[PDB]
C-alpha cells in the first residue's frame, strides 16, 4: 500500500504500510522519506490525528490519499 | 371605512369609472371629503386618488370628481417619476409631469393653482416642459404660469427643457419672455445644460435670443463644455457669435479634439487631429503677433511630451496612434487645469484602453495621476481603488512584475483616502452613511487586494518597508467595519467577497501571507467584532481544510505570534475550540494552545460568578471579560 500524503509544500511521504498496520509505525516511514523523525509529525487523516498504535484500518483504510500531517515540534 | 378608501383609491388609479361611481353613491358629505383626499402608499407614492388619477392620465375619473364631487385641486402628494421623487405635487403638477394634456386642461378649468410649488420649488409648467409636451406648456403659460420661477437648484423651465431633447417647448418658452441669463446653483445657465446635452437646434435658438454667454460657478465657459463632452457640431456653432475672440476659439477647438482622442462612445482618430490642426493653425496666423499657448511643464505620467508649440510639431505625429491619445490628455488637462470633476474620465479611459491593449506602465501612470487629481479634488475614489486592484491583479496574473513605488503611491493614496473615508462615515449623518459605510468597506477590500498583490511583488526592501509603513499607519488609524471587523478580521474571513473582474484569479480569502504581513505591521490580533469574535474565532470557521490546508494552518501559527490569546471567549460565550467544526482546525489550535493559570482561574471565576468588580485590578477585569 503506497502512500501519497501531501505536506506543507505538497511533498510526498512514503509510508508503504498496509491498512492493517498501526500509524505509530506507519508514520515512521512516511516521514522517513520526508525528513521528520517518527515521533514528531502529528499526522492528520483528513479530520483526525493518530494516537497510540492507531491502526490504519480505523481511518477508513484509505489507499494513499492526502494525509496533511502537522509539523508541530516538541511532540516527542 | 378604511377598507373602502383603498378600493376608491384603486378605482381612481386603475381608470375604472363605473365601480368608482358605485362606491361613492349614497355617500354623505363627510364620506365625500374623507374618501377623496386620503393618502395611500402605492408604488412609493403617497398620492391622493385624484393625484394618482392625474398621474395615470384618467381624465374621466378626474372630471367626475371635479365637476360633481368637488374634490380640491390644492392637495399635496408624493410621486415617483423617472429617477426623481417629487413630494407635495398637486394633481396639476403630476398631470403635466406625466405629460397628460387631457387632464391638465380639466384641472385648470376647475381652478387649480397654476403657480403651485412642490417641495423642490417646482411649478407644473416646469413639470410640463420637463416631460416634453408642447400642448401643456402653451396652455399653462396662457393660464398665468410664471416661467421665471426656478427650483431650489435655481434651474428654470428653459434650462430643464434645454437639457432634454424637446426643441418645441424650447422655442415657445424662449419667445414667452424666459430669461436666458438665469443661472443654476453652480452658475450654469440653459446653454450650459444644452451644450452638455448636445442639441444643435436648442443652442441656435438661444444665441439668436441674445444668450450673452457667461461662465458658470466652476469658471467654465459652456462653449468648452461641448468641446469637453465630444460635441463636434456644437463647437462649430458658437465660434461665429462674433464675441468669442480668438484665444477662446483656440481653447474650444483644442479641447474638442482632445476629448475625441479619449472617449469610449466618441473614439475617432481623424477628427482628433483635425480639430487640433485648425486650432494651432489659427495660432500661427498673425505671424509677428503669435499667440503662444501656456504650455505646462511635461508630466512623467504622460511620457515626456511638451505639447505642440509649432504647427509642424503636430504634423510629425499626424499618423501617430499613441501620440494623439497622449497629446490630447496633456492639452485637455492644460486647458481645464485638472480641476474638473470629469477631466479624469478621458485619462481613466485611456488607461483602461492601455490595460485592455496589454500596456501596463502607461496605464498605471495615467491611473495614478487620475487618482491624485481626484483625491486632491475630494472625490469618492472607491471605484478607483477597485480598478487599481483589478489592473494590479491582472498584471500579476500574467506573470509580469509590478513596480512597488507605483503600488506604494496608490497605497499611500488609499490610506489618506481611507482616513477621509472613515471621516466620511463619521461626519456624514444617517442619510447617506449607509452608502458611505459600503464605500469604506469597499476601500478596505481594495486595500486587502493591493496588499495581496504586494505579497507577490519582488518586494525591494526600501519600498517594502514603505508599504509596511503605510499599512502601519492604516492600522494605527484603527479601521473597523460595521460588524466590528478589522482588516485582520476580513483577512481571516473566507466570506469576504473578492472582485471577479481579473482579481479573484489571484486574491483568495482567507490569505495567510497578508495576515502575516498584518502581524509584521503590528495589527491588534486580540480585537473583537460586534459578534465578540476575534480573528481566531473566524479563521476556525473555514469549511475547506482539505482543498487549502496551508492557507488555514500558516495563518493560525501566524495568528499566535504576538499575543493571540487562544483561551479568550467571545460575547456569545464560545471558545474558539468550541467554534471549530473541523478536527484539523481544532487540533491545530490545540497544538498552538499553551496553558496558563490565569486562563483557568478566570474561567473558574466566570463560571461560578464571583463578584470581581472593584476588587481585582482593571486589567484582570478585562481578562475576565476576555474569558
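Quick check of the header: electron microscopy, 4.1 Å.
Quick reminder: no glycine exception, Cβ is built from N, Cα and C everywhere.
Annotated features, as they stand in Swiss-Prot:
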BINDING   B:185  Zn(2+) 1 binding site
BINDING   B:186  Zn(2+) binding site
BINDING   B:186, B:218  Zn(2+) 2 binding site
REPEAT    B:87-116  repeat 'ANK 2'
REPEAT    B:120-149  repeat 'ANK 3'
REPEAT    B:186-215  repeat 'ANK 5'
REPEAT    B:218-248  repeat 'ANK 6'
REPEAT    B:344-377  repeat 'TPR'
REPEAT    B:483-527  repeat 'ANK 7'
REPEAT    B:531-568  repeat 'ANK 8'
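Sequence-distant contacts of the repeat 'TPR' (B:344-377), counting only residues of its own chain at least 6 positions beyond either end whose CB sits under 8 Å from a CB of the stretch, comprise 258-259, 261-264, 299-303, 325-326, 328-329, 332-333, 338, 384, 387-388, 391, 394-395, 400, 402-403, 406, 409-410, 413, 416-417. For the repeat 'ANK 2' (B:87-116), the DSSP counts in helix, strand and coil order read 17 helix, 3 strand, 10 coil. Looking at residue B:186 (Zn(2+) binding site) and residue B:218 (Zn(2+) 2 binding site), their Cα atoms lie 7 Å from each other. Residue B:218 (Zn(2+) 2 binding site) is 11 Å away from the residue listed as 'Zn(2+) 1 binding site' when you measure Cα to Cα.
According to DSSP, the residue listed as 'Zn(2+) 1 binding site' sits in a coil region rather than a helix or strand. Here the repeat 'ANK 6' (B:218-248) has, by DSSP, the following mix of helix, strand and coil residues: 16 helix, 0 strand, 15 coil.
Taken residue by residue, the repeat 'ANK 8' (B:531-568) breaks down under DSSP into 15 helix, 0 strand, 23 coil. Of all the Cβ atoms in the protein chains shown, 13 others lie within 10 Å of the Cβ of residue B:185 (Zn(2+) 1 binding site). Shown for the repeat 'ANK 7' (B:483-527): DSSP residue counts in helix, strand and coil, namely 14 helix, 0 strand, 31 coil. Break the repeat 'TPR' (B:344-377) down by DSSP state and the numbers are 29 helix, 0 strand, 5 coil.
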